[PDB]
Each structure stands twice: as C-alpha cells, then as structure tokens.
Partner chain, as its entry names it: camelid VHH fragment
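Below you will find one chain, with nothing else, as structure tokens; this is the form deposited without its partner chain, and questions on how it binds or moves follow later.
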C-alpha cells in the first residue's frame, strides 16, 4: 500500500493527519481495505456522475432519480449551485484515488451512487422509495434529512418510510440488513435536541454527530441519547473543513456540518464490510460501540456507563476508528437474534406538574423467549400532555446507574401537543443487564406554572441473552 498522491489529500486532515486527530483510516488502508466490492448510495439532491473524481467508481445500480422518476440522478444545475450537496457527500465516501484530481474517498475503491430525492416535494412515498432502492445491491445508505432543525418540531418517518426501514434491516442485503447511516442534525443554534428527530432516533439508523478539528462540539451539533458515534467536520474559521468533490467538476475545501460527518462514517463502514461481508446491521452497531474513541473530544458530559465505556450525548461512544473497526470485524461472531422485551409501566395516569419521577423494577422478560440480559437499544415510549412542550427535560436511569437524557429543554418549542407514544431512544446502556430498577424523570425547567399528565410509559428493551 502507498499513501494517496492526489493533490488535495494533504488537506484531508481527518484522513492524512499524523498528529492523532484523525479517523485512523490509513491504518485500515494499510491492512488492505479500501471498499472493494461494497456499494454505497447517497440519498440527497443527486450526484454528478461524470465528475472526474467520481466517474471511475460510479454505480448506476446504486442510483435513481425519485424527484423526476427516471434512472439518472444528475443534479439540476442552478446559478446558486443549490444541488451540489450529494456530489460533495459522494466524494467523501468514494472519490477516486491516485488520479491527480482533488482528494480521495474514505473507501476509494467502493462503488458509489446517489438518489436524487431532495430536489422536489419530499413525501413519505419519496422517502420510502429512496430508502428502499435496490436493497439487495446497495449495502450502505447515507442520509442527513428529516424534520426541520428549528428546535420546535417533533416528527419522524411516516408509515411508508417506517416500513422501508423495517424491510431494509430485515430482508435487505440478503437478510443481513441494509445499513442506514444518518446525521444526527444541524439544529444546534436553535437548541434542538435530536431524539425529537425520528429518523436519527430510530434503532435502524446508525447515527453520527460531529467534532471540530480542535476536538470541540460544533455550533450546529445537537445532543441526544440516540447518537452512536462521531466523525470530524467543520467548526470555527480557524479550523479546517471537509475537502471533497463539488458540483461542476470542481473540488471544495468548505464542506460543513453534520451532513458531512455521516458520509465519512459510511465510508468507514464500507471498509469494515469489506473486512467481513457477513456482518449484520446490528453487528455493525456493536462494532461502532466497541471501537469508538472518546480520547481528545471535549465535552462536559462524558459519563462512564455500567460496562465501563465512556459516553456523551454530543459524541455517543466517540470518534470512529477505521483501523480498529476493520481489525475487529475480521473474526467477529454474529450476534444472537434480536429479542424485544415490552414492559408497560403505569397502572394509572400521573400528574406531571413541576416534576414527576416514575420508578419501576423490571425482570426484563425473565423466563420468556425475549429475556434480555445484554441490552442494545432501549426506548421509553411516552404519551403525555403538557402546556408548553419545550419546558420539559426528561431523563431515564438504568439499573446500572446510567442517566440518559431523553429530552433536553427546547426554548423555541411552544407546542401544546405533547408526545404521542414517542419512542425516545438511548444507546448509552448498550451491553448492560437491564434487570432491576429503572427511573424516569420528567421536569419543568421553567419558573412557569406548567401542567400536564403522563398517560403511558412503555419501556422497550432490545438485545440478547448471550
């Protein structure tokens, strides 16, 4: 193996660095993993399939134009270059290497496609037809859309899109499951809290946040318990940004935001799948939990969970480590089939008022086929009314003492509509034994005399017993 010679590879500090502030991708390349045989699709505004740094890896079988209903995802060219984003993301994954053009993709021998689906009216059907594209050919999907990042919206996939996620992880990729890599949001300036985004809050998406070059939480980041891990992206004007392919056969040094982090993650996951093509969608999440690195990411909420891992709501388990991912993948034993233990908690509705605490001791389906002693995701599915939704903060504590923030106060969320069986999800108790006392806390963070009622609390545990 030889270091890439592309002219901008030295500017790709998150790959080419030698000061330990990078994604450890050279180490994976040196192990012989470059993405050969893997297929990634960018679900966004299209892909410039004739870009000199994309054409060599472009895959029509990974591509479609859902907005205009044709096979050709070429972007719509406009004076402001509005439809450049999918091309930028595609190059992050699989820009061609050693060709004298721009830089390289993380998985520079993977095949890359795009679905043109954001440049038009984005319905449930449009979303579902994109998530469900060619699921026995495409291995990995990358996406960074969802409800508006205005800090007041609560929404997620409607019926067709939710069905596409369950079909993807169940029958996709030959029954191993489509890998849906997702950005956790760009609503940081609005104080958004990303479990309110049902796409990133899903267990079926492998959710990724950002870190700046100097190791800080960027202005645009959203914190939430559903995030799994982090990749580098942009920050302040003294910090470098993401360097990649751009619309009109150009090269940019100013790709930004959490939308630039998810494609880097998708590239690392492509190297990992090359190392073990038999990994399931759940295996891949386990590998991310075990190998990601907190070191040198700055956050005031790093906490040690019940199995000794550090976790943050800004960063999940930390920075992805490509060399560690591919190394651990090679001899990985497939996890056991996924169990689901449903615990309906309340015997009566509970007044919220200023503060409500609900304690429940559970056996986690002891004696049943769905008995779980090794947790993966957990959800607190809550139904409640409240007069001003954004004044609520919600926490969930596992029996091992791990305090997951399910919802932070959102100052712009004036909604009086509450939560309707909203499945707040945490990854922070992964591999814990969920038997014992769980604690739900709901608090009014305002000095206002707010009021409401909790009418349903379902604890849903996913995982295994081995």
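Positions refer to the first chain, counted from 1.
This protein has a second form, the form solved in complex with its partner chain, left out of what is shown; the following refers to that one.
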- Among 276, 383, 74, 290, which has at least one heavy atom within 4.5 Å of its partner chain in the deposited bound form? 383
- Ok, 216, 249, 338, 387: which has a heavy atom sitting within 4.5 Å of its partner chain in the deposited bound form? 387
- Message: Given a 4.5 Å cut-off on heavy atoms, tell me which of 397-405, 437-445, 31-39, 410-418 is the interface stretch with its partner chain in the deposited bound form.
- Response: 410-418
- Is residue 371 close enough to its partner chain in the deposited bound form to count, meaning some heavy atom within 4.5 Å? no
- Would residue 458 count as touching its partner chain in the deposited bound form under a 4.5 Å heavy atom rule? no
- Query: Any of the heavy atoms of residue 349 lying within 4.5 Å of its partner chain in the deposited bound form?
  - Reply: yes
- Going by a heavy atom distance of 4.5 Å, is residue 453 a contact of its partner chain in the deposited bound form? yes
